[PDB]
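Coming up are structure 1 and structure 2: the same protein chain in two forms, each one given alone as structure tokens.
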Structure 1
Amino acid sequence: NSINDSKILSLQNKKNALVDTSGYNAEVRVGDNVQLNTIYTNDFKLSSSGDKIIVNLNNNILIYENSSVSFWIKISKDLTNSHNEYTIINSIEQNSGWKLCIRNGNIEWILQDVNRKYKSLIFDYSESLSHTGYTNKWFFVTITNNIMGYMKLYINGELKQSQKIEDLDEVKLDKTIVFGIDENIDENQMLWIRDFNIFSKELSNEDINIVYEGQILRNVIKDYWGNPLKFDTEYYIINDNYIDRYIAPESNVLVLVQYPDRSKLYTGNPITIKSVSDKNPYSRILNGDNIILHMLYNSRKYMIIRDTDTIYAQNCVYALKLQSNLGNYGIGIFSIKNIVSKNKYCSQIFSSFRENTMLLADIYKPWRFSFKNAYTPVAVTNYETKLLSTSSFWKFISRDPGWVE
């Protein structure tokens, strides 16, 4: 309400064109090579040869003023793992204005006056390409400014930095905003931005979380990178407690096998998700949807099913197995639900076959004619006290163009 009312620029894909739907009619010129609406309706990709977007504002409503800028961004590995500084959004016409820069795993917002003097807010999104970092992951950015002279930086609704801006003087805002990288770049160096908005007020933490919660699309399951999960797409599924292990069948019992090369992310047996009630090929998976899992193992497709008999040693614990006969079988139907978290894109997996179970990974003796131990994904009953266990969190890693190897 009050939030939407203060929007003076809102870049959205309407026809098959990126336009300003704030009502203020800014002119938006998109380069011919720029790809729009590839992951999210209102996203655009900056990868192509010097491709860019120019926004010429047609108003004069808007440093010592109240304003906010928000958008989501996803930066590829090759671009984050570079020592060069890249300007991606620029308002600086002459010497004053603002700009967003990328450099060595850090994202930086700069506000400078005519004398080349500047102040900034910085955030290390890529620890060191760490699993816990945001390299090639969608994350929400928000920058606010107030007449008090403070500019703040929020990431996924969390305040990261605050800065007093009295050191600077003459800072006039340009009527032009240019998206794009001017520096020469390589093939796999790319980034995506979605839902770029500018507000004529300083959004409060409450306001920001409302924007964040509304644009993350809570009912759409997410893959590891933050893209919406899709049917008929291959995924490497990993458990949050064993990020260095991939799912694999031993003696028709799925177990978590350690990666041969700990740096190679795409390791294992790809799993494709199928919809029980057929829809459209690669359509989005919503929470509560019934799904079936197919694993590609040695060039053959198998359906993952829950074992009917419990493993000896809550109450019941069942191992997962593979079945060559594909089709709709209750024992192979699962349900997925996103986990609420600002640090990860994970989900929990449930089965309501004969008893309500939730998938978890832990140490067990899954076999019948053996006492061998193994880290194994299991479907367990009475999981009420397990809802917060990280051992119940699963990540779906897809082959993403922003992470090549």
Structure 2
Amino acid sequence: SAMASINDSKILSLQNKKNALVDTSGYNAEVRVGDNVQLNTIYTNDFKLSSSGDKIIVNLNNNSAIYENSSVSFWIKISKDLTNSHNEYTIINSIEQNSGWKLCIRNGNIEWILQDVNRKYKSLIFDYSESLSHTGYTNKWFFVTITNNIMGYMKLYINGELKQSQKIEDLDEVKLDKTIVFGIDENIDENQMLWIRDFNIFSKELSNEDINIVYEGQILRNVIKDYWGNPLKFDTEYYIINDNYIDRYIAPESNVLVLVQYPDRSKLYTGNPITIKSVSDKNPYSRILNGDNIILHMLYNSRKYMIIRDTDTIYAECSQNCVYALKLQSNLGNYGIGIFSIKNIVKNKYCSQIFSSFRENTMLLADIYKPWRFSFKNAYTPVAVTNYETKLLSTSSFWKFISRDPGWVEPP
């Protein structure tokens, strides 16, 4: 079992147990967590570095210099205001004297550095920002993996994909720091913060296959994700967008839902917040899982409506290639016509597909239609279509849920 071989090689694993961050690898590293450091806010094993002063100090146990291969893996999510800074910040520091490793952020890039006793160093750089493209990873969870073969290469993977390699075999002795410090020493502002979760070190060089198993394991494949890669939750406001129309928000026009172009593509939090309600009554704010039944409530001009499927097809009972537009109802309640189900889809994720099984099996997608009974006007229209097997991989069927998140602040 690869996954057992993987886990057996862990020599540090920071995980939250009884509300403390501790090493659960079996090796008993000392973990000193700053009083103000927030733990377990999004993911069980996460921590927030939200300030200078916020620090976590790890002191590794007795098992001078690097003697063996190794890998380091964690997820990271870096706020917009931190990503947009042109400065450089050390985030994780494990250099003593002048040798060891460190992870830095600089101008929208993450950078891993390995430095020998003469201060010769090699770096791995990844531009996670892509100039703040709502297409990049600004404020989105992504999975980092560094692997080291001391008689070979140091490699940087992102979400299981190799991004850069550098020979390290030609460095002189790299002394190994028994201390690892998480935290930003620089003088950061209020909106500059980042989160890390599932930080692990392995005593071997993980293979790309091994890396993909860790990635798939820690992404939580049965948990639906919001736009940032956080778990999607009930009773939480989201701006829901279609993958094909990312600068359009959902809105009712004459009680037909359509997609309206953002007046300003740079502002994410635009439109009518939709709250997801559990059919089965779960604890408030509980995570939404793959396959859950859900009900969608829109806040529109300060009143709550339930989103429901149209009773009749769009060019109108129907069996063959039916297309239904959507609408709003002010009566909240468990109505089959307003029950949907939500499923994960997998490289490009953090998006979801939505289905309804009321009377006919449909999938929600967006395209151009004439959704008004008394008009031939076109509109980008979210619709529930039958016979959707050939559309199961169409981006028109992918939906994202943008939550107001602390790592992405928009002027008031």
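Each form is matched to the other, and the largest set of C-alpha atoms that superpose within 1.5 Å is called the rigid core. Start at 1 and count along the sequence of structure 1; that gives the residue numbers used here.
The comparison between the two structures, aligned on the rigid core, picks out a single residue among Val114, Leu265, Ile181, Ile110 whose CA moves by 2 Å or more, and that residue is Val114. Core-superposed comparison between the two structures: the Cα of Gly149 travels 2 Å or more. Taking 2 Å as the criterion, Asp167 counts as shifted between the two structures: its C-alpha moves by at least this amount when the rigid core is aligned. Relative to the superposed core, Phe353 has its Cα moved 0.3 Å between the two structures. Taking the rigid core as reference, the CA displacement of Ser49 between the two structures comes to 4.1 Å.
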